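Structure first, commentary second.
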Amino acid sequence: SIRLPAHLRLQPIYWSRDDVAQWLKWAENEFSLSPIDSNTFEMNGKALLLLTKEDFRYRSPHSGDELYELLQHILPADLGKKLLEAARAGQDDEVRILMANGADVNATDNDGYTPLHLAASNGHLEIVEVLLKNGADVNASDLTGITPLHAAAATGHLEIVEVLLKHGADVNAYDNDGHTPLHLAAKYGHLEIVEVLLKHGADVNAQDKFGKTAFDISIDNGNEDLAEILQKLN
Ligand SMILES: [Cl-]
Ligand code: NA
Ligand code: NA
Ligand code: NA
Ligand code: NA
Ligand code: NA
Ligand code: NA
Ligand code: NA
Ligand code: NA
């Protein structure tokens, strides 16, 4: 038995093509495989993770199934949890690889956050787009009632707000405090998001648990520019 080199103990998404080649040679020795042909897996580790098991079998009639299993065993068991983390951290390529390997696009943590909530909150537009294209629940509430549109409106991510609306986000969804996305955009001073929400049917007269409209919130915060938009339309 041979120990795997230290840089190959990194997750395979980080492996170069030369790293892949070293891993193959390590496996040839560790598992007593038929000699591996040097031109056979001419790609980096990110690409390797997108091959199917059938692809491995075709590429290596003698060892490809074994190599596929070895590679998959390197990955953590809970890909849905990894997807939540990758989406939160903006790891767009990792998001794509994890969903290709079966991660649930609607993976949910103990706060009710989904990948879409986390990518929306942290401004990761490309990840929002890939999640939506692959069936992400656009109107899922988290435990406090926050939808992805709430999360993008509160955090000032205008393009994400627009994409969520184009994919069916509920413009007048309520969180557990009765806040709509319009309330949260007003609370955090995002004037352009307020305009987009109104153009998509946001209810200026919606009252939260405190009896307050988005306009009331703009007055409490002294944000006269936001109050002006809201006043015009109600
Ligand atoms: Cl999953
Ligand atoms: Na590379
Ligand atoms: Na290298
Ligand atoms: Na090949
Ligand atoms: Na696969
Ligand atoms: Na290994
Ligand atoms: Na999983
Ligand atoms: Na889940
Ligand atoms: Na940001």
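Identifiers in this document derive from the order of the structure tokens: chains are assigned A, B, ..., residues are numbered from 1 separately in each chain, and ligands are numbered from 1 in order of occurrence.
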Within 8 Å of ligand 9, counting only C-alpha atoms and all ligand atoms: which residues, as an MDAnalysis selection string?
chainID A and resid 121:124 155:157
Show me which residues sit within 12 Å of ligand 8 when counting only C-alpha atoms and all ligand atoms, and put them as an NGL selection string.
-> :A and (78-84 or 103-115 or 136-137 or 140 or 142)
Output the selection as a PDB file, in the first residue's frame - C-alpha atoms for each residue.
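Result file is out18.pdb:
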ATOM      1  CA  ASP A  78     -23.674  14.891   1.716  1.00  0.00           C
ATOM      2  CA  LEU A  79     -23.517  16.770  -1.562  1.00  0.00           C
ATOM      3  CA  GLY A  80     -26.629  18.784  -0.732  1.00  0.00           C
ATOM      4  CA  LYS A  81     -24.907  20.259   2.284  1.00  0.00           C
ATOM      5  CA  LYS A  82     -21.835  20.977   0.160  1.00  0.00           C
ATOM      6  CA  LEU A  83     -24.074  22.730  -2.384  1.00  0.00           C
ATOM      7  CA  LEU A  84     -25.523  24.998   0.289  1.00  0.00           C
ATOM      8  CA  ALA A 103     -26.853  17.418  -5.338  1.00  0.00           C
ATOM      9  CA  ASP A 104     -30.447  18.537  -4.694  1.00  0.00           C
ATOM     10  CA  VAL A 105     -31.010  22.018  -6.091  1.00  0.00           C
ATOM     11  CA  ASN A 106     -33.535  22.495  -3.257  1.00  0.00           C
ATOM     12  CA  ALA A 107     -31.243  21.294  -0.493  1.00  0.00           C
ATOM     13  CA  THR A 108     -32.345  23.010   2.722  1.00  0.00           C
ATOM     14  CA  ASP A 109     -30.462  23.678   5.972  1.00  0.00           C
ATOM     15  CA  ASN A 110     -31.846  23.866   9.526  1.00  0.00           C
ATOM     16  CA  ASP A 111     -32.740  27.536   9.033  1.00  0.00           C
ATOM     17  CA  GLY A 112     -34.715  26.717   5.890  1.00  0.00           C
ATOM     18  CA  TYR A 113     -32.119  28.331   3.643  1.00  0.00           C
ATOM     19  CA  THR A 114     -31.858  26.904   0.131  1.00  0.00           C
ATOM     20  CA  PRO A 115     -28.968  27.437  -2.292  1.00  0.00           C
ATOM     21  CA  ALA A 136     -34.854  25.763  -7.746  1.00  0.00           C
ATOM     22  CA  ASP A 137     -38.018  26.672  -5.829  1.00  0.00           C
ATOM     23  CA  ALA A 140     -39.565  28.850  -0.935  1.00  0.00           C
ATOM     24  CA  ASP A 142     -37.071  29.892   5.035  1.00  0.00           C
TER      25      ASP A 142
END
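Note that the spacing between CA of residue 91 (chain A) and CA of residue 152 (chain A) amounts to 17.9 Å.
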### Message
Residues within 10 Å of residue 188 (chain A), please, as a count of residues only. Count only C-alpha atoms; anything in the same chain fewer than 5 positions from it doesn't count.
### Response
9
- Around ligand 4, at most 8 Å away and counting only C-alpha atoms and all ligand atoms, which residues are there? Put them as JSON, numbers by chain, please. {"A": [39, 40, 41, 42, 59]}
Keeping only N, CA and C atoms, write the selected residues to a file as a PDB file, in the first residue's frame.
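And here's again-v3.pdb as it stands now:
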ATOM      1  N   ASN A  39      -2.161   8.675 -22.254  1.00  0.00           N
ATOM      2  CA  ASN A  39      -3.005   9.643 -22.959  1.00  0.00           C
ATOM      3  C   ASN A  39      -4.518   9.521 -22.637  1.00  0.00           C
ATOM      4  N   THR A  40      -4.916   8.841 -21.540  1.00  0.00           N
ATOM      5  CA  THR A  40      -6.295   8.348 -21.377  1.00  0.00           C
ATOM      6  C   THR A  40      -7.318   9.270 -20.711  1.00  0.00           C
ATOM      7  N   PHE A  41      -6.887  10.102 -19.792  1.00  0.00           N
ATOM      8  CA  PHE A  41      -7.751  11.001 -19.028  1.00  0.00           C
ATOM      9  C   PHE A  41      -7.091  12.365 -19.071  1.00  0.00           C
ATOM     10  N   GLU A  42      -6.992  12.921 -20.288  1.00  0.00           N
ATOM     11  CA  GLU A  42      -6.265  14.174 -20.546  1.00  0.00           C
ATOM     12  C   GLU A  42      -7.192  15.328 -20.200  1.00  0.00           C
ATOM     13  N   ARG A  59     -13.346   4.689 -21.394  1.00  0.00           N
ATOM     14  CA  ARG A  59     -11.978   5.193 -21.426  1.00  0.00           C
ATOM     15  C   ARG A  59     -10.983   4.159 -20.919  1.00  0.00           C
TER      16      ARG A  59
END
Residues of chain A within 8 Å of ligand 6: nearest atom pair and distance (Å, one decimal) for each, counting only C-alpha atoms and all ligand atoms, sorted by chain and number, as a Markdown table?
| residue | atom | partner | partner_atom_place_in_ligand_line | distance |
| --- | --- | --- | --- | --- |
| A:4 | CA | ligand 6 | 1 (Na) | 6.9 |
| A:9 | CA | ligand 6 | 1 (Na) | 7.6 |
| A:70 | CA | ligand 6 | 1 (Na) | 5.8 |
| A:71 | CA | ligand 6 | 1 (Na) | 6.7 |
| A:73 | CA | ligand 6 | 1 (Na) | 7.1 |
| A:74 | CA | ligand 6 | 1 (Na) | 5.8 |
Restricting the output to N, CA, C and O atoms, write the selected residues as a PDB file, in the first residue's frame.
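In the end it all went to again.pdb:
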ATOM      1  N   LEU A   4      -1.260   8.242  -0.670  1.00  0.00           N
ATOM      2  CA  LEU A   4      -1.520   9.198  -1.739  1.00  0.00           C
ATOM      3  C   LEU A   4      -0.757  10.485  -1.448  1.00  0.00           C
ATOM      4  O   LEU A   4      -0.768  10.956  -0.304  1.00  0.00           O
ATOM      5  N   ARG A   9      -4.530  15.018  -1.681  1.00  0.00           N
ATOM      6  CA  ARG A   9      -5.538  14.970  -0.630  1.00  0.00           C
ATOM      7  C   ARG A   9      -6.479  16.171  -0.701  1.00  0.00           C
ATOM      8  O   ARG A   9      -7.427  16.256   0.082  1.00  0.00           O
ATOM      9  N   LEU A  70     -13.323   5.186  -6.901  1.00  0.00           N
ATOM     10  CA  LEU A  70     -12.328   5.853  -6.079  1.00  0.00           C
ATOM     11  C   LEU A  70     -12.566   7.350  -6.056  1.00  0.00           C
ATOM     12  O   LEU A  70     -12.466   7.989  -5.010  1.00  0.00           O
ATOM     13  N   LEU A  71     -12.809   7.933  -7.219  1.00  0.00           N
ATOM     14  CA  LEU A  71     -12.992   9.380  -7.299  1.00  0.00           C
ATOM     15  C   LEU A  71     -14.216   9.807  -6.529  1.00  0.00           C
ATOM     16  O   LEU A  71     -14.191  10.796  -5.785  1.00  0.00           O
ATOM     17  N   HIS A  73     -15.608   8.410  -4.051  1.00  0.00           N
ATOM     18  CA  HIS A  73     -15.417   8.253  -2.617  1.00  0.00           C
ATOM     19  C   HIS A  73     -14.618   9.395  -2.010  1.00  0.00           C
ATOM     20  O   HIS A  73     -14.705   9.601  -0.796  1.00  0.00           O
ATOM     21  N   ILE A  74     -13.892  10.166  -2.828  1.00  0.00           N
ATOM     22  CA  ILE A  74     -13.148  11.311  -2.314  1.00  0.00           C
ATOM     23  C   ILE A  74     -14.102  12.419  -1.908  1.00  0.00           C
ATOM     24  O   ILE A  74     -13.804  13.176  -0.974  1.00  0.00           O
TER      25      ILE A  74
END
- Could you report the residues within 7 Å of ligand 5, using only C-alpha atoms and all ligand atoms, as number ranges by chain? A: 50-53, 100-101
Preceding selection exported with N, CA and C atoms as an mmCIF file, in the first residue's frame:
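For reference, selection.cif as written:
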data_model
loop_
_atom_site.group_PDB
_atom_site.id
_atom_site.type_symbol
_atom_site.label_atom_id
_atom_site.label_comp_id
_atom_site.auth_asym_id
_atom_site.auth_seq_id
_atom_site.Cartn_x
_atom_site.Cartn_y
_atom_site.Cartn_z
ATOM 1 N N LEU A 50 -17.153 15.490 -14.083
ATOM 2 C CA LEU A 50 -18.327 15.553 -14.931
ATOM 3 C C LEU A 50 -18.496 14.311 -15.788
ATOM 4 N N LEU A 51 -17.500 13.433 -15.841
ATOM 5 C CA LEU A 51 -17.659 12.177 -16.572
ATOM 6 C C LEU A 51 -18.607 11.240 -15.841
ATOM 7 N N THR A 52 -19.378 10.494 -16.605
ATOM 8 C CA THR A 52 -20.203 9.456 -15.997
ATOM 9 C C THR A 52 -19.404 8.182 -15.790
ATOM 10 N N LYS A 53 -19.997 7.228 -15.057
ATOM 11 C CA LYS A 53 -19.290 5.963 -14.863
ATOM 12 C C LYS A 53 -19.129 5.215 -16.179
ATOM 13 N N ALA A 100 -24.245 18.434 -11.046
ATOM 14 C CA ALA A 100 -24.018 17.352 -11.989
ATOM 15 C C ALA A 100 -23.806 16.009 -11.311
ATOM 16 N N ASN A 101 -23.353 15.977 -10.060
ATOM 17 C CA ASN A 101 -23.132 14.740 -9.352
ATOM 18 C C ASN A 101 -24.295 14.374 -8.427
#
(Q) I'd like the contact shell of residue 43 (chain A) - 9 Å cut-off, only C-alpha atoms, skipping same-chain residues fewer than 6 positions apart - returned as a PyMOL selection string. (A) chain A and resi 16-18+20-21
Would you mind exporting N, CA and C atoms of the selected residues as a CSV table (one decimal), in the first residue's frame?
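That gives us again.csv:
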chain,number,residue,atom,x,y,z
A,16,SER,N,-5.0,19.6,-11.1
A,16,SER,CA,-4.7,19.9,-12.5
A,16,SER,C,-4.7,18.6,-13.3
A,17,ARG,N,-4.5,18.7,-14.6
A,17,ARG,CA,-4.4,17.5,-15.4
A,17,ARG,C,-3.2,16.7,-15.0
A,18,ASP,N,-2.1,17.3,-14.6
A,18,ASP,CA,-0.9,16.5,-14.1
A,18,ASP,C,-1.2,15.8,-12.8
A,20,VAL,N,-4.3,14.8,-11.9
A,20,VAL,CA,-5.0,13.6,-12.4
A,20,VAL,C,-4.1,12.5,-12.8
A,21,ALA,N,-3.1,12.8,-13.6
A,21,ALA,CA,-2.2,11.7,-14.0
A,21,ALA,C,-1.5,11.1,-12.9
message = When you look at residue 27 (chain A) with a cut-off of 12 Å (counting only C-alpha atoms), what residues show up, excluding the ones that are within fewer than 2 positions of it in the same chain? I need them as number ranges by chain.
response = A: 1-5, 8, 20-25, 29-36, 63-64, 66-71
Only C-alpha atoms, please: the residues just picked out, written as a short mmCIF file (atom, residue, chain, number, x, y, z; two decimals), in the first residue's frame.
data_model
loop_
_atom_site.label_atom_id
_atom_site.label_comp_id
_atom_site.auth_asym_id
_atom_site.auth_seq_id
_atom_site.Cartn_x
_atom_site.Cartn_y
_atom_site.Cartn_z
CA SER A 1 0.00 0.00 0.00
CA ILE A 2 1.23 3.47 -1.05
CA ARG A 3 0.14 6.71 0.60
CA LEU A 4 -1.52 9.20 -1.74
CA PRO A 5 0.66 12.34 -2.22
CA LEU A 8 -3.85 14.87 -4.03
CA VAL A 20 -5.05 13.63 -12.35
CA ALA A 21 -2.20 11.73 -14.05
CA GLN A 22 -0.38 11.26 -10.74
CA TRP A 23 -3.59 10.02 -9.08
CA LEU A 24 -4.04 7.48 -11.86
CA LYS A 25 -0.50 6.20 -11.42
CA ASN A 29 0.18 0.82 -7.93
CA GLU A 30 -2.13 0.82 -4.90
CA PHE A 31 -4.71 -1.44 -6.58
CA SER A 32 -2.40 -3.48 -8.87
CA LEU A 33 -4.25 -2.32 -11.99
CA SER A 34 -3.34 -3.06 -15.57
CA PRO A 35 -0.84 -0.37 -16.64
CA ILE A 36 -2.66 2.89 -17.33
CA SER A 63 -9.95 -0.07 -14.59
CA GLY A 64 -12.45 2.68 -15.30
CA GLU A 66 -12.66 1.20 -10.16
CA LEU A 67 -11.29 4.66 -10.86
CA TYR A 68 -14.77 6.17 -10.94
CA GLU A 69 -15.61 4.65 -7.55
CA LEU A 70 -12.33 5.85 -6.08
CA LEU A 71 -12.99 9.38 -7.30
#
Item checked: Non-local contacts of residue 125 (chain A) (10 Å; only C-alpha atoms; under 2 positions in same chain excluded) as a PyMOL selection string -> chain A and resi 90+92+116+119-123+127-131+157-161+163
For the selection you just gave me, I'd like the residues written to a file as a compact mmCIF listing (two decimals), in the first residue's frame, keeping N, CA, C and O atoms.
# COMPACT_ATOMS: atom_id res chain seq x y z
N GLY A 90 -20.30 31.54 -3.17
CA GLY A 90 -20.08 32.01 -4.53
C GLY A 90 -19.28 31.09 -5.40
O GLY A 90 -18.71 31.52 -6.41
N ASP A 92 -19.11 29.17 -8.04
CA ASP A 92 -19.99 28.87 -9.16
C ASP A 92 -19.63 27.55 -9.82
O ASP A 92 -20.50 26.71 -10.07
N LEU A 116 -30.64 28.80 -3.39
CA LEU A 116 -31.11 30.02 -4.03
C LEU A 116 -31.19 31.17 -3.04
O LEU A 116 -30.83 32.31 -3.38
N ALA A 119 -27.40 32.23 -2.44
CA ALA A 119 -26.81 32.95 -3.57
C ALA A 119 -27.48 34.31 -3.77
O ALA A 119 -26.80 35.30 -4.08
N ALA A 120 -28.79 34.39 -3.56
CA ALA A 120 -29.45 35.69 -3.67
C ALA A 120 -28.97 36.67 -2.62
O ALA A 120 -28.81 37.87 -2.89
N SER A 121 -28.78 36.20 -1.40
CA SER A 121 -28.38 37.09 -0.32
C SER A 121 -26.97 37.61 -0.50
O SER A 121 -26.65 38.71 -0.04
N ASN A 122 -26.10 36.81 -1.12
CA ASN A 122 -24.71 37.18 -1.21
C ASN A 122 -24.30 37.65 -2.60
O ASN A 122 -23.13 37.89 -2.84
N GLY A 123 -25.27 37.86 -3.51
CA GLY A 123 -24.98 38.54 -4.76
C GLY A 123 -24.40 37.68 -5.86
O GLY A 123 -23.74 38.21 -6.77
N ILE A 127 -24.86 31.95 -10.00
CA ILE A 127 -25.37 30.80 -9.27
C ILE A 127 -26.90 30.85 -9.20
O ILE A 127 -27.57 29.83 -9.35
N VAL A 128 -27.47 32.02 -8.95
CA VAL A 128 -28.92 32.16 -9.01
C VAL A 128 -29.44 31.61 -10.33
O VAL A 128 -30.42 30.85 -10.39
N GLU A 129 -28.77 31.98 -11.42
CA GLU A 129 -29.28 31.63 -12.74
C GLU A 129 -29.21 30.13 -12.96
O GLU A 129 -30.16 29.54 -13.47
N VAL A 130 -28.09 29.49 -12.57
CA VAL A 130 -27.96 28.05 -12.74
C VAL A 130 -28.94 27.32 -11.84
O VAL A 130 -29.52 26.31 -12.25
N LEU A 131 -29.17 27.82 -10.61
CA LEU A 131 -30.12 27.16 -9.73
C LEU A 131 -31.52 27.21 -10.32
O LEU A 131 -32.23 26.20 -10.36
N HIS A 157 -29.38 43.50 -4.25
CA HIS A 157 -28.91 42.80 -5.45
C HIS A 157 -29.97 42.94 -6.53
O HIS A 157 -30.85 42.10 -6.69
N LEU A 158 -29.85 44.04 -7.28
CA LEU A 158 -30.87 44.45 -8.24
C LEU A 158 -31.04 43.43 -9.36
O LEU A 158 -32.17 43.07 -9.71
N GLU A 159 -29.93 42.99 -9.97
CA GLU A 159 -30.06 42.07 -11.09
C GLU A 159 -30.67 40.75 -10.63
O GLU A 159 -31.44 40.12 -11.36
N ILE A 160 -30.33 40.31 -9.42
CA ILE A 160 -30.93 39.09 -8.89
C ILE A 160 -32.44 39.29 -8.68
O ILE A 160 -33.23 38.40 -8.97
N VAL A 161 -32.83 40.43 -8.13
CA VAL A 161 -34.25 40.75 -8.00
C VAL A 161 -34.96 40.61 -9.35
O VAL A 161 -36.03 40.00 -9.46
N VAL A 163 -34.08 38.89 -12.08
CA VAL A 163 -34.11 37.51 -12.56
C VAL A 163 -35.15 36.69 -11.79
O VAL A 163 -35.90 35.90 -12.37
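For the pair CA of residue 174 (chain A) and CA of residue 88 (chain A), the separation is 23.0 Å.
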Out of region 19-169 of chain A, which residues get alpha helix (DSSP H) from DSSP, as an MDAnalysis selection string? chainID A and resid 19:30 45:48 53:59 64:74 79:88 92:100 115:122 125:133 148:155 158:166
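Candidate residues A:227, A:232, A:55, A:65 were compared for distance to residue 191 (chain A), and the nearest is A:227, using only C-alpha atoms.
Among the candidate residues A:231, A:170, A:208, A:226, the one lying nearest to residue 190 (chain A) is A:226, with distances computed using only C-alpha atoms.
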Could you pull the residues within 8 Å of residue 175 (chain A), counting only C-alpha atoms, minus those fewer than 6 positions along the same chain, as a PDB file with N, CA, C and O atoms, in the first residue's frame?
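Result file is result-v6.pdb:
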ATOM      1  N   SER A 141     -40.105  29.699   1.298  1.00  0.00           N
ATOM      2  CA  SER A 141     -39.842  30.456   2.518  1.00  0.00           C
ATOM      3  C   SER A 141     -38.783  29.722   3.327  1.00  0.00           C
ATOM      4  O   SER A 141     -38.816  28.491   3.419  1.00  0.00           O
ATOM      5  N   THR A 144     -38.032  31.848   8.896  1.00  0.00           N
ATOM      6  CA  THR A 144     -38.642  33.118   9.253  1.00  0.00           C
ATOM      7  C   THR A 144     -39.509  33.691   8.148  1.00  0.00           C
ATOM      8  O   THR A 144     -39.963  34.826   8.276  1.00  0.00           O
ATOM      9  N   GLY A 145     -39.790  32.935   7.111  1.00  0.00           N
ATOM     10  CA  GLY A 145     -40.684  33.362   6.077  1.00  0.00           C
ATOM     11  C   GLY A 145     -40.032  34.101   4.942  1.00  0.00           C
ATOM     12  O   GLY A 145     -40.738  34.583   4.047  1.00  0.00           O
ATOM     13  N   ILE A 146     -38.714  34.202   4.946  1.00  0.00           N
ATOM     14  CA  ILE A 146     -37.993  34.975   3.925  1.00  0.00           C
ATOM     15  C   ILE A 146     -37.875  34.136   2.666  1.00  0.00           C
ATOM     16  O   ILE A 146     -37.431  32.983   2.725  1.00  0.00           O
ATOM     17  N   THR A 147     -38.277  34.708   1.532  1.00  0.00           N
ATOM     18  CA  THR A 147     -38.131  34.075   0.230  1.00  0.00           C
ATOM     19  C   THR A 147     -36.867  34.576  -0.430  1.00  0.00           C
ATOM     20  O   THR A 147     -36.276  35.567  -0.011  1.00  0.00           O
TER      21      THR A 147
END
Counting only C-alpha atoms and all ligand atoms, the residue among A:85, A:19, A:192, A:126 that lies closest to ligand 3 is A:19
